[PDB]
A.B. asks: 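Got a structure here, written out as C-alpha cells. Questions coming.
Any value given below was found using the heavy atoms of this structure, including those in side chains, with hydrogens, waters and symmetry copies removed. The chains referred to below are lettered A, B, ... by the order of the sequence lines, with proteins before strands, and numbering in each begins at 1.
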Protein chains: 6
Amino acid sequence: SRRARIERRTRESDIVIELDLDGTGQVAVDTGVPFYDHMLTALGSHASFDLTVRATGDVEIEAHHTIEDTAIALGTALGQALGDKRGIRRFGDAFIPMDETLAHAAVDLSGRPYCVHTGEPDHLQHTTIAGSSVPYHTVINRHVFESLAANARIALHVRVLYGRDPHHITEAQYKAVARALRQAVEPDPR
Amino acid sequence: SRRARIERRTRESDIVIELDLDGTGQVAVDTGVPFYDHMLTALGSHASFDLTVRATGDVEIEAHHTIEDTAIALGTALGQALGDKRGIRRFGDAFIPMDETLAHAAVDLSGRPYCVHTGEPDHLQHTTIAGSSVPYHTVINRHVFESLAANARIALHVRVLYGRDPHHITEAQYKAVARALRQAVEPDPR
Amino acid sequence: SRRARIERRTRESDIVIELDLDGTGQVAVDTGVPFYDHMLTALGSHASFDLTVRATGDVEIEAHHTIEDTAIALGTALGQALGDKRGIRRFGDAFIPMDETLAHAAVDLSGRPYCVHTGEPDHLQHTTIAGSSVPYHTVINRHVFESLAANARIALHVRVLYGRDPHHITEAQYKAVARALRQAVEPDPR
Amino acid sequence: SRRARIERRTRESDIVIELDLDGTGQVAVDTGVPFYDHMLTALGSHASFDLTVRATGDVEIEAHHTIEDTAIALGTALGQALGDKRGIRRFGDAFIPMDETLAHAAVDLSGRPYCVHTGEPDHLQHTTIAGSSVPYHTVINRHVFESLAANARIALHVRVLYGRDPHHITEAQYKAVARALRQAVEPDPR
Amino acid sequence: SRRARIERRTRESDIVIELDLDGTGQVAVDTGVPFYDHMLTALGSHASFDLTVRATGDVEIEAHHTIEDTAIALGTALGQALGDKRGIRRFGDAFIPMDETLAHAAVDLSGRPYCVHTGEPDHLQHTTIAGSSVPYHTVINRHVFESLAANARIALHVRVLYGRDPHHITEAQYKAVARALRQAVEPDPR
Amino acid sequence: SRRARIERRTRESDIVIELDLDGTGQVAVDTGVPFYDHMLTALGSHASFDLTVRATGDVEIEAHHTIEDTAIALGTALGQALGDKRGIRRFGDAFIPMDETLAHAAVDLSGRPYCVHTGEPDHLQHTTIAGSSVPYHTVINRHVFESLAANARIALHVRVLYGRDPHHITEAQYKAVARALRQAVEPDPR
Ligand SMILES: [Mn+2]
Ligand SMILES: [Mn+2]
Ligand SMILES: [Mn+2]
Ligand SMILES: [Mn+2]
Ligand SMILES: [Mn+2]
Ligand SMILES: [Mn+2]
Ligand SMILES: [Mn+2]
Ligand SMILES: [Mn+2]
Ligand SMILES: [Mn+2]
Ligand SMILES: [Mn+2]
Ligand SMILES: [Mn+2]
Ligand SMILES: [Mn+2]
C-alpha cells in the first residue's frame, strides 16, 4: 500500500532503499558499516517496517559519506511512502530505556523539516564504536537524524535524558525514533 | 452522547459554548480575538471535539476579560460533558513538537482542580502577538489553562521543554492540552 | 455633604471631575483610554464614591497627558471634598488579593503629600495593556498614584507583595488605594 | 439565615459538616485526628461560626485522606452558606501574632478559586506534630488551605512572616484564615 | 470603667501613671525627656486613652532609667486596666505611614508576654535625637516596647517596613502600637 | 492465561502472592503495613491486574523486611506470569499527575534487570508517613522498585519531575509504574 523504492547514485556512494510502512519487521541492511547496519536493523525492526538497504561507499576514506547518503535516501523513501499523509495519527513519541540510558523521540509527520537533538554527553563527540571493520563515530548520530528529518520533511526531536555507555545511548536513540515513527504512521480511527 | 451547552452572561462578556466530546473536529470559534480564535480552533480540532464558541466582550478595554470568561465557560462545558467520568481512560499525555518548540501536557480527569504551568521563557511575560485586530498577550496562557482546569475540576500539567518563537510556544501548549484531553476521554476497553 | 466639582483646562487636555465622598458606587468615567476608564471605575466603586469623569485629551500622541491630568484633577477634587478633615478616621489600609497577585495600600489623610510605590516587577516598566483603542502603559501607575497623592496632599504607600499578570497587578493596586481611601474617610466614633 | 449541611461519602472517608456563618463560636469537631480537631476548633471559634464536624476515615493508613476530605467538605459547606454573596464586605485580612510567630491571611470571597501559601520554613515539610494518637504532618497545611479555597471558590492568601515553632505556625495560620473569613462575611453598611 | 493608677518608687526614678482605656485623647505627659514626652503623647492620643504621666528620674546620668521605668509602669497600668479581658476584640493591627516611613504593629492581648521588634535600620542603634534638653537614643525603642509587652503581659510585634529619618521611624512605631492597642481593646459585638 | 502463585518463606517474613496479568482490578492486599497496602492496592488497580497479597512479618522491628520481601515475591510472580514475553508490546511509559506532583515511569520487559530512580526531593530520605499503625519510611521506595525490577528481570525507570507532598510523590510513583506495566504487557497487534 505505502511502499517506496529509492536509488541514489553519487560520486561518494551508491544506495538502494526499499521500504514498506505496513510491514512486520522484515529487515535486511548491508552498508559496509557493521554498527550502522545494527542500528538500521533496530530502526527497521522496532518501527515494524519492511526495510531492505544495499549501500556501497568509500569506506576506505571513512563511513561518514556512506552513512550520510544512506540516511538521506532512507529519509526520501520514508517521505515518499507517507504520500499525502492522509488519515494517520501524525503524532508519535516513545521513551526507550536501555539499562542506565533513557532516550526519548517525538515526531510530527505533517510538520516542516526540523530536527532538535539534545542531551547527549559531551564525551560522545569524540567516541568511537569499533569492532573488526569500519568504525562508527558517535558524532554522526546528529547528522543521521538531521538528514532523515530534512529529507522526510518531518519534525524530529530526539532527547537523551541520561546515559553513560555510547552503544546504549546510540541504540536507544535509534529505537526511540523507530517507535515514534511507528506510532505516527498508524491510521487514526477518528 | 456526551454533550454540553453553556451560556454565561456577565457584565464584562457574554459567552455561548456548545461542546460534544465524541466529535470529528467540527469547530467554529468567534470571540473577537483572532489569535485566541486560532488557538481555540486548534484546541477543538486536535482533541476531535465538536466546538462552537460565540463570545462578545469588551475588546476595547483589552482581551483579558473575554479570554478569561471564555476559558471558564469552556471548562464548565467540558466538566459537564464528562458527566460521571465512568469507564474512560482518565489519564492522557502528549508531546507536541512545533519546529524548535517541544511542549508537553498531562491530564488526570478524576483528579481535583489543579494546574501546574512550567518552562515558558521569561520573555513570554511581556510578549504580544499582534495582527490587524485585538492583540494577544502571552502572559494570559497560564490564566487560560488555570481557568479551564479549575472549572473542569481536572488536573492539568503543561510544560514547555524548550522553544523560542512565542507563536509556536503558545500553539504547541494548546495542541498538547487538546491531545492529552482527547486521549483521556476515550473509553477504556478494560 | 462632602462634594467637589473640578474643571481643569490645559493645552493638552480638558477634564471635568465630580466627586462625592459619601456615595454608593455610582460611577461614570470616560477619558478616551478604555483601560484607564476600567481602573477609575474600580477606584470609584470600591471606595463607595460617586464619581463622574469626563476627559478629552490628545490621545493621538499618547494617553500619558490625559491620564496625568485626570489624576491631578481627581486628586484636587478629593482634597477639596475632604475639606478640613475633621472627625474622620484619617488612617486606612487594605490588602487586595487578585488571583496570584497581592497588593497593599496604606493612607494617611492628614499627612503631607508623599508617595512610596514599591514591589512591582521590573517587566512592568515596558509592559503595555492594549485592546482595540489607545493602549495603557503600566509604567504610568507610579505617575498616577504620585499625582493623586501630591494633589490630594495625602500620604499614599502602595506595595505589590507578589504578582505576575500586569492587568491583575494594576487592578489590585487601584482597588487597594480605593479601599484604603474608603476606610480613611469614614467618621471616627470617638 | 446562612446555614449549610454537607454530607460527603467516599471510599476513603465519611464526613458530615454543619455550618452557620452567623454564629457565636459553638464548635464541636471530631475527625479522629486530635491536632486537626484542635485546629478546626480554632478555625470555627475565631471566625464566630457554628461548626459541627463528624468525620470517620482510614486513620490506620494515615490522616491525609480524612484531613483532605474534611477540608473539601468544609469548603463546600462554606461556599453554599455564602449563597449569592450579596451585601457582604467581601474583603478581609488578619494578622495573628502567636509568640514568636506572625501569620497573615487575606481573602476575597467573590474572587475565583485561588490559593497562595508562602513563608513557611523549609523544615515544616518534614515536621510531625505527634501526641498519643494519629499524628499530624505539617506538609498538609498547604493542602488544607488549597482544598478549602478550591471548594469554597474564594481567593485565599496565607503568609507566615516569621516563626519557629511548628505548632505556633500552624495554629496562627488557621486563626488568620478564620479571622479573615469572619471579617469578609460581615454585611456591608453601604 | 477600665481605669488604673500605678505608683512605682525605685532608687533610680519615681513614676506616677493614670490610665483610662475608654478615653478621648486627654493626655498629659511629663518625664524630663522631651522627645519621650512627645512619643508618649502620640501613644496616648492615637490610642484614644486618657493618660497622665508624672516621672522624676536621674536625667543627669541619662534618660535610660527613667524611660525604662516609665515604660514598665505604663505596661503595668495597661495590664491592670484591661482586667479580665472579657468581651474585647483582643486582636489589633495598624499600618502607620509617616512620609517615607511605613511601620506596622500587631497585638494579641490575651497572648503571653512576647515582643518581636524587626526592620529598623542598623544606623538607629547609634542615632541620637537631641534638642535643648536630655537627648533620646533610638536604641531604647526596643527596650520600651519589650518592657511594655512584658509588664502588660501581651504579644507585641512591631515592624518597620522601610524608612530613613529616625524621628519618623520612632514616631511611626509609637503610633502603630497606639492604634493596634486601640483596636484590640474595643468591645466585640459578637 | 498468564497467572502466577508465589509462596516465599524466610526467617523475617512469610509471603503469599497471587497474580493474574489479564485481570480487571480485583485487588486484596494485607501486609501489616497500612500505607504499603494502600500503595500495592493502587499498583494492582491501576495496572488492571488481579492481585492477592498475604504477608506476615516482624513489624515489631520495622516494616523494612516485610516490604522488601513482599516486593521481591511480587517481582518474582510478575516475571513468572510474563513467561516467555512473546507477542507483547514490551515497552510502556506513563505520566501520572497527582495535584502538584508529576511522576513518570518507563519499562522495558525484555530488557535486563535495571532500575534507575531519580528526581525525588532530598527531604524524602528522612520522611515518615505515619497513621495508627506501623509507619512507612519513604526512603524505602527506591528499595521497592529496585527489588521488583531485579526479581522481574525488567528495566524500570522512575522519575519524579516535581512534587512537594510525600504521600502524593509516593502514590504517583506507584501509579506510574502500574500504568507503564499495564501498557507493556498488552498484546501487540503487529
Ligand atoms: Mn556530512
Ligand atoms: Mn547493540
Ligand atoms: Mn483575570
Ligand atoms: Mn498558528
Ligand atoms: Mn508626566
Ligand atoms: Mn479588569
Ligand atoms: Mn491529597
Ligand atoms: Mn495549640
Ligand atoms: Mn535597661
Ligand atoms: Mn514628632
Ligand atoms: Mn533492605
Ligand atoms: Mn493515598
A.B. asks: Strictly distance-based, threshold 3.5 Å: is any side-chain N or O of F/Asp50 a donor or acceptor partner for the main-chain N or O of F/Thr24?
C.D. replies: yes
A.B. asks: Would a distance-only check, ignoring hydrogens and angles, find a side-chain to backbone donor-acceptor pair under 3.5 Å from F/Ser45 to F/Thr41?
C.D. replies: no
A.B. asks: Can you tell whether the side chains of F/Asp99 and B/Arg112 come within less than 4.0 Å, N to carboxylate O?
C.D. replies: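 Yes, this pair counts.
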A.B. asks: Under the salt bridge (charged side-chain N to carboxylate O under 4.0 Å, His left out) rule, collect the residues that match up with F/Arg182, sequence neighbours excluded.
C.D. replies: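 F/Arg182: salt bridge (charged side-chain N to carboxylate O under 4.0 Å, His left out) contacts with B/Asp188.
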A.B. asks: Does the side chain of F/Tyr136 come under 3.5 Å of the side chain of F/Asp37 through a donor N or O and an acceptor N or O?
C.D. replies: no
A.B. asks: Using the ring centroid of each side chain, check whether D/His64 and F/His168 are separated by less than 6.0 Å.
C.D. replies: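 Ring centres of F/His168 and D/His64 closer than 6.0 Å.
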A.B. asks: Examine F/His104 together with A/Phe95 and report whether their ring centres are nearer than 6.0 Å.
C.D. replies: yes
A.B. asks: May I ask you to decide if D/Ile72's main-chain N or O and D/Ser147's side chain share a donor-acceptor pair within less than 3.5 Å?
C.D. replies: no
A.B. asks: Indicate yes or no for a side-chain donor-acceptor contact from A/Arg190 to the backbone of B/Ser48 under 3.5 Å, with no hydrogens or angles considered.
C.D. replies: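 Checking the backbone N and O of B/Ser48 against the side chain of A/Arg190, a donor-acceptor pair under 3.5 Å is found.
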A.B. asks: For the residue pair D/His143 and D/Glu68, confirm or rule out a side-chain donor-acceptor distance under 3.5 Å.
C.D. replies: yes
A.B. asks: Report yes or no: do B/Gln173 and B/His117 form a side-chain donor-acceptor pair below 3.5 Å?
C.D. replies: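 Yes.
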A.B. asks: Report the distance from atom CG of B/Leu78 to atom CZ of B/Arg2, rounding to the nearest 0.5 Å.
C.D. replies: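 Here the rounded value is 9.5 Å.
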A.B. asks: Quick one: sort the B/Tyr174 and B/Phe145 rings into parallel, tilted or perpendicular, breaks at 30° and 60°.
C.D. replies: tilted
A.B. asks: Is there a donor-acceptor contact under 3.5 Å from the side chain of F/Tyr36 to the main chain of F/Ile67?
C.D. replies: yes
A.B. asks: Got A/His46 and A/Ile96 here, is their nearest side-chain heavy-atom distance under 4.5 Å?
C.D. replies: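 They are not in contact (no side-chain heavy atoms under 4.5 Å apart), so the answer is no.
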A.B. asks: In plain terms, say whether F/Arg3 and F/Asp20 are close enough for a salt bridge, that is, a side-chain N and a carboxylate O under 4.0 Å apart.
C.D. replies: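 Counted as a salt bridge, because a side-chain N and a carboxylate O are separated by less than 4.0 Å.
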A.B. asks: When the ring planes of F/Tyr162 and B/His157 are compared, do they come out parallel, tilted or perpendicular, using 30° and 60° as the limits?
C.D. replies: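 Rings of F/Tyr162 and B/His157: parallel, as their planes differ by under 30°.
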A.B. asks: Please identify each residue that fulfils side-chain contact (heavy atoms from CB on, under 4.5 Å) with B/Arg153, with sequence neighbours left out.
C.D. replies: B/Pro113, D/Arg153
A.B. asks: Among F/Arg89, F/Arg90, F/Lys85, find the one that has a salt bridge (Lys or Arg N to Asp or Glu O under 4.0 Å) with F/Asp108.
C.D. replies: F/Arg90
A.B. asks: Okay, side chain of F/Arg164, backbone of D/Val139: is any donor-acceptor separation there less than 3.5 Å?
C.D. replies: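 Answer holds: yes.
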A.B. asks: Can you establish whether the number of heavy atoms outside F/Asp84 located under 6.0 Å from its atom CG is more than 12?
C.D. replies: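 More than 12 heavy atoms, drawn from other residues, nucleotides or ligands, come within 6.0 Å of this atom.
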A.B. asks: Under the side chain to side chain donor-acceptor pair (under 3.5 Å) rule, what do F/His167 and D/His65 come out as? Steps first, then yes or no, please.
C.D. replies: CA-CA 10 Å; F/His167 184 137; D/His65 296 149; 3.3 Å; yes
A.B. asks: Is a side-chain N or O of F/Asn151 found less than 3.5 angstrom from the main chain of F/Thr76, in a donor-acceptor match?
C.D. replies: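 Side chain of F/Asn151 to backbone of F/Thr76: no pair is present.
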A.B. asks: Please check: side-chain N/O of F/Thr127 versus main-chain N/O of F/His123, any donor-acceptor pairing under 3.5 Å?
C.D. replies: yes
A.B. asks: Could you tell me the separation between the CG atom of B/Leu181 and the CG atom of B/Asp93, rounded to the nearest 0.5 Å?
C.D. replies: 12.0 Å
A.B. asks: Determine, for B/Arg142 against B/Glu146, whether the closest basic-nitrogen to carboxylate-oxygen distance falls under 4.0 angstrom.
C.D. replies: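 Salt bridge absent between B/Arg142 and B/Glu146.
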A.B. asks: Start with the C-alpha gap between A/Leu102 and F/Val116, add the side-chain angles, then the distance that decides, and say whether side chain to side chain contact (heavy atoms under 4.5 Å, CB included) holds.
C.D. replies: CA-CA 9 Å; A/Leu102 183 64; F/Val116 183; over 6 Å; no
A.B. asks: Measuring from atom CD1 of F/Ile129 to atom CG of F/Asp165, what distance do you get when rounded to the nearest 0.5 angstrom?
C.D. replies: 7.5 Å
A.B. asks: Show the numbers, then the answer: is there a salt bridge (charged side-chain N to carboxylate O under 4.0 Å, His left out) between F/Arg54 and F/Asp30?
C.D. replies: CA-CA 5 Å; F/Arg54 181 181 182 184; F/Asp30 186 297; over 6 Å; no
